[PDB]
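J.: So here's target.csv, just CSV, C-alpha atoms and all ligand atoms:
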```csv
chain,number,residue,atom,x,y,z
A,674,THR,CA,34.1,-41.3,17.5
A,675,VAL,CA,37.0,-43.6,17.9
A,676,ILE,CA,35.2,-46.2,20.0
A,677,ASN,CA,32.3,-46.2,17.5
A,678,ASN,CA,34.7,-47.0,14.7
A,679,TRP,CA,36.3,-49.8,16.6
A,680,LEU,CA,32.8,-51.0,17.3
A,681,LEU,CA,32.3,-51.0,13.5
A,682,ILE,CA,35.2,-53.4,13.5
A,683,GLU,CA,34.4,-55.7,16.5
A,684,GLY,CA,30.6,-55.4,16.3
A,685,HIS,CA,27.8,-56.0,18.9
A,686,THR,CA,24.5,-57.9,18.9
A,687,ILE,CA,21.8,-59.6,20.9
A,688,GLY,CA,20.3,-62.9,20.0
A,689,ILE,CA,18.5,-66.0,21.3
A,690,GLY,CA,21.7,-67.7,22.1
A,691,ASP,CA,22.3,-65.2,24.8
A,692,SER,CA,19.0,-66.1,26.5
A,693,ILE,CA,19.8,-69.9,26.3
A,694,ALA,CA,21.6,-71.4,29.2
A,695,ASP,CA,23.4,-74.7,29.7
A,696,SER,CA,21.3,-77.9,30.2
A,697,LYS,CA,22.8,-78.3,33.6
A,698,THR,CA,21.8,-74.7,34.5
A,699,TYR,CA,18.2,-75.4,33.5
A,700,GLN,CA,18.2,-78.6,35.5
A,701,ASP,CA,19.5,-76.7,38.6
A,702,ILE,CA,16.9,-74.0,38.2
A,703,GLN,CA,14.2,-76.7,38.0
A,704,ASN,CA,15.5,-78.4,41.1
A,705,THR,CA,15.5,-75.1,43.0
A,706,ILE,CA,12.0,-74.4,41.9
A,707,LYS,CA,10.8,-77.9,43.0
A,708,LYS,CA,12.5,-77.5,46.4
A,709,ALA,CA,10.9,-74.1,46.9
A,710,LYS,CA,7.5,-75.3,46.0
A,711,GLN,CA,7.9,-78.2,48.4
A,712,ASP,CA,8.9,-75.8,51.2
A,713,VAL,CA,5.9,-73.6,50.5
A,714,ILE,CA,3.7,-76.6,50.7
A,715,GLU,CA,5.3,-77.5,54.1
A,716,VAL,CA,4.7,-74.0,55.4
A,717,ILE,CA,1.1,-74.2,54.3
A,718,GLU,CA,0.6,-77.5,56.0
A,719,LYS,CA,2.1,-76.1,59.2
A,720,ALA,CA,-0.3,-73.2,59.1
A,721,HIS,CA,-3.3,-75.5,58.4
A,722,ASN,CA,-2.3,-77.7,61.3
A,723,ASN,CA,-2.0,-74.5,63.5
A,724,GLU,CA,1.7,-75.3,64.2
A,725,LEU,CA,2.6,-71.8,62.9
A,726,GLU,CA,3.0,-69.1,65.5
A,727,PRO,CA,2.7,-65.4,64.8
A,728,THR,CA,5.8,-63.3,64.4
A,729,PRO,CA,5.9,-60.3,66.8
A,730,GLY,CA,4.1,-57.3,65.3
A,731,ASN,CA,2.4,-59.5,62.7
A,732,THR,CA,-0.8,-61.6,62.5
A,733,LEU,CA,-0.7,-65.3,61.6
A,734,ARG,CA,-1.9,-64.3,58.1
A,735,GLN,CA,0.9,-61.7,57.8
A,736,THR,CA,3.6,-64.0,59.2
A,737,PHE,CA,2.5,-66.8,56.9
A,738,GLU,CA,2.6,-64.5,53.9
A,739,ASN,CA,6.1,-63.2,55.0
A,740,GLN,CA,7.4,-66.8,55.3
A,741,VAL,CA,6.1,-67.8,51.9
A,742,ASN,CA,7.4,-64.6,50.3
A,743,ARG,CA,10.8,-65.3,51.8
A,744,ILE,CA,11.0,-68.8,50.5
A,745,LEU,CA,9.9,-67.7,47.0
A,746,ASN,CA,12.3,-64.8,46.9
A,747,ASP,CA,15.2,-66.9,48.0
A,748,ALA,CA,14.4,-69.5,45.4
A,749,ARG,CA,14.1,-66.8,42.8
A,750,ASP,CA,17.5,-65.4,43.8
A,751,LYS,CA,19.1,-68.8,43.7
A,752,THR,CA,17.8,-69.4,40.2
A,753,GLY,CA,19.0,-66.0,39.1
A,754,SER,CA,22.5,-66.7,40.5
A,755,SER,CA,22.6,-70.0,38.6
A,756,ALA,CA,21.6,-68.3,35.4
A,757,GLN,CA,24.3,-65.7,35.9
A,758,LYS,CA,26.9,-68.3,36.5
A,759,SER,CA,25.9,-69.9,33.2
A,760,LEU,CA,26.7,-66.7,31.3
A,761,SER,CA,29.9,-66.9,29.1
A,762,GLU,CA,32.3,-64.1,28.4
A,763,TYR,CA,30.9,-63.8,24.9
A,764,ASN,CA,27.4,-63.5,26.2
A,765,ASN,CA,26.0,-60.1,25.2
A,766,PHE,CA,23.3,-59.7,27.9
A,767,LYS,CA,26.3,-60.0,30.2
A,768,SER,CA,28.3,-57.5,28.1
A,769,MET,CA,25.6,-54.8,28.4
A,770,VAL,CA,25.1,-55.4,32.1
A,771,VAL,CA,28.8,-55.4,32.9
A,772,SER,CA,29.4,-52.2,30.9
A,773,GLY,CA,26.4,-50.6,32.5
A,774,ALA,CA,25.0,-49.5,29.2
A,775,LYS,CA,21.7,-51.2,29.6
A,776,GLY,CA,20.0,-53.9,31.5
A,777,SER,CA,20.5,-55.4,35.0
A,778,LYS,CA,21.2,-58.8,36.5
A,779,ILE,CA,17.5,-58.9,37.4
A,780,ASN,CA,16.7,-58.7,33.7
A,781,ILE,CA,19.2,-61.4,32.8
A,782,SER,CA,17.8,-63.6,35.5
A,783,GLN,CA,14.1,-63.1,34.4
A,784,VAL,CA,15.1,-63.7,30.8
A,785,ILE,CA,17.1,-66.9,31.5
A,786,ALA,CA,15.8,-68.4,34.8
A,787,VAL,CA,12.6,-67.3,36.4
A,788,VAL,CA,10.3,-64.2,35.9
A,789,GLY,CA,9.6,-64.1,39.6
A,790,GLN,CA,6.7,-63.4,41.9
A,791,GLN,CA,3.9,-61.1,40.5
A,792,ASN,CA,2.8,-58.8,43.3
A,793,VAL,CA,0.0,-56.2,43.3
A,794,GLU,CA,-0.2,-53.5,46.1
A,795,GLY,CA,2.8,-55.1,47.8
A,796,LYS,CA,1.1,-58.5,48.2
A,797,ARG,CA,0.9,-61.6,46.1
A,798,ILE,CA,-1.9,-61.7,43.4
A,799,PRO,CA,-5.1,-61.1,45.4
A,800,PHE,CA,-8.1,-63.4,45.6
A,801,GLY,CA,-10.2,-61.5,43.1
A,802,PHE,CA,-12.7,-64.2,42.5
A,803,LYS,CA,-14.5,-65.6,45.6
A,804,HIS,CA,-11.7,-67.0,47.7
A,805,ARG,CA,-9.5,-67.8,44.7
A,806,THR,CA,-7.3,-65.9,42.3
A,807,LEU,CA,-8.6,-67.3,39.0
A,808,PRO,CA,-11.4,-69.8,38.3
A,809,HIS,CA,-8.9,-72.5,37.3
A,810,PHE,CA,-7.5,-72.7,40.8
A,811,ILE,CA,-9.2,-74.4,43.7
A,812,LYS,CA,-10.5,-72.2,46.5
A,813,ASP,CA,-8.1,-71.5,49.4
A,814,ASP,CA,-4.9,-72.2,47.5
A,815,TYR,CA,-2.0,-70.3,48.8
A,816,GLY,CA,0.7,-72.2,46.9
A,817,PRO,CA,3.1,-70.4,44.7
B,12,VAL,CA,-29.1,-63.9,76.8
B,13,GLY,CA,-31.7,-63.9,74.0
B,14,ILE,CA,-34.5,-61.5,73.2
B,15,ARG,CA,-38.1,-62.4,74.0
B,16,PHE,CA,-41.3,-60.7,72.8
B,17,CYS,CA,-44.5,-59.8,74.4
B,18,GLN,CA,-47.5,-62.2,74.2
B,19,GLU,CA,-50.1,-59.5,73.5
B,20,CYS,CA,-48.7,-57.0,71.1
B,21,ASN,CA,-45.6,-59.0,70.0
B,22,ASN,CA,-43.3,-56.1,70.9
B,23,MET,CA,-39.9,-56.3,72.5
B,24,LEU,CA,-39.8,-56.8,76.3
B,25,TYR,CA,-37.4,-54.9,78.5
B,26,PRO,CA,-35.8,-56.0,81.7
B,27,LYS,CA,-36.9,-54.3,84.9
B,28,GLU,CA,-35.9,-54.8,88.5
B,29,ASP,CA,-38.7,-55.7,90.9
B,30,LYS,CA,-38.0,-53.5,93.8
B,31,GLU,CA,-40.2,-55.3,96.3
B,32,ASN,CA,-39.4,-59.0,95.7
B,33,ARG,CA,-35.9,-58.4,94.2
B,34,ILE,CA,-36.8,-60.6,91.1
B,35,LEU,CA,-35.8,-59.6,87.6
B,36,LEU,CA,-38.8,-59.1,85.2
B,37,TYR,CA,-39.4,-58.4,81.6
B,38,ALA,CA,-42.2,-55.8,80.9
B,39,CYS,CA,-43.5,-54.6,77.6
B,40,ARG,CA,-43.5,-50.8,77.5
B,41,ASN,CA,-46.6,-50.5,75.3
B,42,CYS,CA,-48.8,-52.6,77.6
B,43,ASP,CA,-49.0,-53.9,81.1
B,44,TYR,CA,-47.7,-57.4,80.4
B,45,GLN,CA,-45.0,-58.7,82.7
B,46,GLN,CA,-43.1,-62.0,82.9
B,47,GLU,CA,-40.5,-63.1,85.4
B,48,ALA,CA,-37.0,-63.6,84.2
B,49,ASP,CA,-35.9,-67.3,84.2
B,50,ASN,CA,-32.3,-67.0,82.9
B,51,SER,CA,-31.2,-64.2,85.4
B,52,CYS,CA,-28.6,-63.1,82.8
B,53,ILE,CA,-29.2,-60.0,80.7
B,54,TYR,CA,-26.2,-58.7,78.7
B,55,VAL,CA,-23.4,-61.0,77.6
B,56,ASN,CA,-20.6,-59.6,75.5
B,57,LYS,CA,-17.7,-61.8,74.2
B,58,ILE,CA,-14.9,-59.4,73.3
B,59,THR,CA,-12.6,-62.1,72.0
B,60,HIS,CA,-15.8,-63.2,70.2
B,61,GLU,CA,-14.4,-66.8,70.0
B,62,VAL,CA,-17.2,-68.6,68.2
B,63,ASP,CA,-16.9,-72.1,66.7
B,64,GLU,CA,-17.5,-71.6,63.0
B,65,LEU,CA,-18.9,-75.1,62.8
B,66,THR,CA,-22.2,-73.6,63.7
B,67,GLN,CA,-21.8,-71.2,60.7
B,68,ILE,CA,-20.8,-73.9,58.2
B,69,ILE,CA,-23.5,-75.3,56.0
B,70,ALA,CA,-23.6,-78.9,55.1
B,71,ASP,CA,-24.6,-78.1,51.5
B,72,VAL,CA,-21.0,-76.7,51.1
B,73,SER,CA,-20.1,-80.3,50.4
B,74,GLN,CA,-21.6,-79.9,46.9
B,75,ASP,CA,-19.2,-77.1,45.7
B,76,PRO,CA,-17.0,-78.2,42.8
B,77,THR,CA,-14.6,-75.3,43.5
B,78,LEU,CA,-13.6,-76.6,46.9
B,79,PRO,CA,-10.6,-78.9,47.5
B,80,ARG,CA,-11.2,-82.4,49.0
B,81,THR,CA,-9.0,-85.1,50.4
B,82,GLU,CA,-9.5,-88.8,51.1
B,83,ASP,CA,-7.0,-88.8,54.0
B,84,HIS,CA,-9.3,-87.7,56.7
B,85,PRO,CA,-12.4,-89.9,57.0
B,86,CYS,CA,-15.7,-88.9,58.6
B,87,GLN,CA,-16.5,-89.9,62.2
B,88,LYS,CA,-20.1,-90.9,61.7
B,89,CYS,CA,-20.1,-92.8,58.4
B,90,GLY,CA,-16.4,-93.2,57.8
B,91,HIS,CA,-16.6,-91.8,54.3
B,92,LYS,CA,-13.3,-91.1,52.7
B,93,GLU,CA,-14.1,-87.9,50.8
B,94,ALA,CA,-13.9,-84.8,52.9
B,95,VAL,CA,-14.0,-81.3,51.4
B,96,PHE,CA,-11.9,-78.8,53.4
B,97,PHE,CA,-11.8,-75.0,53.5
B,98,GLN,CA,-10.5,-72.2,55.6
B,99,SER,CA,-12.5,-69.7,57.7
B,100,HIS,CA,-14.1,-67.9,54.8
B,101,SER,CA,-15.1,-65.1,57.2
B,102,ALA,CA,-14.1,-61.6,57.8
B,103,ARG,CA,-12.9,-60.6,61.3
B,104,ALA,CA,-11.9,-64.2,62.1
B,105,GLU,CA,-8.8,-62.9,63.9
B,106,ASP,CA,-5.9,-65.0,62.5
B,107,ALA,CA,-7.0,-68.5,61.6
B,108,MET,CA,-5.7,-70.6,58.8
B,109,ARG,CA,-7.3,-73.7,60.4
B,110,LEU,CA,-8.9,-76.1,57.9
B,111,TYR,CA,-12.5,-77.0,58.6
B,112,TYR,CA,-13.7,-80.3,57.1
B,113,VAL,CA,-17.2,-81.2,55.8
B,114,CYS,CA,-18.1,-84.8,54.9
B,115,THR,CA,-19.1,-85.5,51.3
B,116,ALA,CA,-21.8,-88.2,50.5
B,117,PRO,CA,-25.4,-87.4,51.0
B,118,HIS,CA,-27.0,-86.0,54.2
B,119,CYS,CA,-24.1,-86.8,56.5
B,120,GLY,CA,-22.7,-83.2,56.7
B,121,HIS,CA,-20.5,-83.9,59.7
B,122,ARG,CA,-18.0,-81.2,60.3
B,123,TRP,CA,-14.7,-81.6,62.1
B,124,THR,CA,-11.8,-79.3,62.7
B,125,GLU,CA,-8.3,-80.7,63.0
C,1,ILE,CA,6.7,-58.4,38.3
C,2,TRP,CA,9.8,-59.7,40.1
C,3,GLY,CA,9.1,-59.9,43.8
C,4,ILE,CA,8.0,-58.2,47.0
C,5,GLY,CA,11.1,-56.0,47.5
C,6,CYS,CA,11.8,-55.4,43.9
C,7,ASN,CA,9.3,-54.0,41.4
C,8,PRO,CA,5.8,-55.3,40.6
D,1,ZN,ZN,-46.8,-55.9,75.0
D,2,ZN,ZN,-19.7,-88.6,57.1
```
What is this structure when it is put down as structure tokens?

T.:
Amino acid sequence: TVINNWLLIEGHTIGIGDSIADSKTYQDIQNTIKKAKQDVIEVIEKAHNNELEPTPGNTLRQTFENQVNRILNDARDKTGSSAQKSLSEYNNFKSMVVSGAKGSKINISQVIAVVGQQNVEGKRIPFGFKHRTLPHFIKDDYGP
Amino acid sequence: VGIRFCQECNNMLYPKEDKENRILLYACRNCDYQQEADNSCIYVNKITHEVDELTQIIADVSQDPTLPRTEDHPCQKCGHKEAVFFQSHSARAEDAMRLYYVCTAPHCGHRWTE
Amino acid sequence: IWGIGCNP
């Protein structure tokens, strides 16, 4: 009762301004994504040139998938951390996450920085079409 | 190594040891035809089944719009710049992300693996 | 929808 009446005084809201981040934050997120995509390209080139060597207990396919997943997840986490650094004290996404009332830092990060990898059955989006995920992509594209 | 057929009924020959002369033969079971074995090998099994997939790659594959191509790797025969590349495209290929290349331009069809 | 370790 008493906290709901004080909330009548102070008030609470969620708006678009909460989702917006600084221009520097957006630039850093973009740079992290570019670096991650470049690293994934390098890993793919290593695999194509047969330089890659299987991790114990894993096939070359499995170890390549694990390396690419690790790169993409680390980039996703770094973009999320940048977005969360951007948040102000007044930010209401941050307010709800800090109180624990609703939401998570994952949600804040997806809202502000990067939605992340879409995975089905524990693997990246499968090659449903013949040797490709969608008709718009070229065959044998393992890029992000 | 390969399978050869009878010359009378066109059935499948079977290997048989010649006990007198110690020479491998192939005899048809449905008739009396016999032919001496030239190869001297019968049953070969490659458990690792390492097979160059360049034998299984068709040159026509160079006409597929959905395949990626690069101008970096030229052909050996004609020195054409375009080369369409693709992975194994085969089940039970063990673990191989090697790129196989097929030369574009008509009728060359040279295939190299790098 | 996040990653391989998260949720779909
Ligand atoms: Zn016969
Ligand atoms: Zn050529």

J.: Could you please extract the residues within 7 Å of ligand ZN 2 (chain D), counting all atoms listed in the file, and hand them back as number ranges by chain?

T.: B: 86-91, 114-116, 119-121

J.: At a cut-off of 8 Å, using only C-alpha atoms, what residues contact residue C:1? Leave out same-chain residues fewer than 5 positions from it and give the result as a PyMOL selection string.

T.: (chain A and resi 788-792) or (chain C and resi 7-8)

J.: Just the residues within 10 Å of residue A:816, please, counting all atoms listed in the file, with nothing from its chain fewer than 5 positions along; format it as number ranges by chain.

T.: A: 710-714, 716-717, 741

J.: Residues within 9 Å of ligand ZN 1 (chain D), counting only C-alpha atoms and all ligand atoms: report them as a VMD selection string.

T.: chain B and resid 16 to 24 38 to 45

J.: Need the shell around residue C:3: protein/DNA/RNA residues with any atom at most 12 Å away, counting only C-alpha atoms. Skip same-chain ones fewer than 3 positions apart. Format as a list in words?

T.: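 That gives residues 741, 742, 743, 744, 745, 746, 747, 748, 749, 750, 779, 783, 787, 788, 789, 790, 791, 792, 793, 794, 795, 796, 797 and 798 of chain A; 6, 7 and 8 of chain C.
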
J.: Identify, on the basis of all atoms listed in the file, every residue whose closest approach to residue A:804 does not exceed 12 Å; exclude the query and any residue fewer than 5 positions from it along the same chain; express the result as a list in words.

T.: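 Final neighbour list, sorted by chain and number: residues 798, 799, 810, 811, 812, 813, 814 and 815 of chain A; 77, 78, 79, 97, 98, 99, 100, 101 and 102 of chain B.
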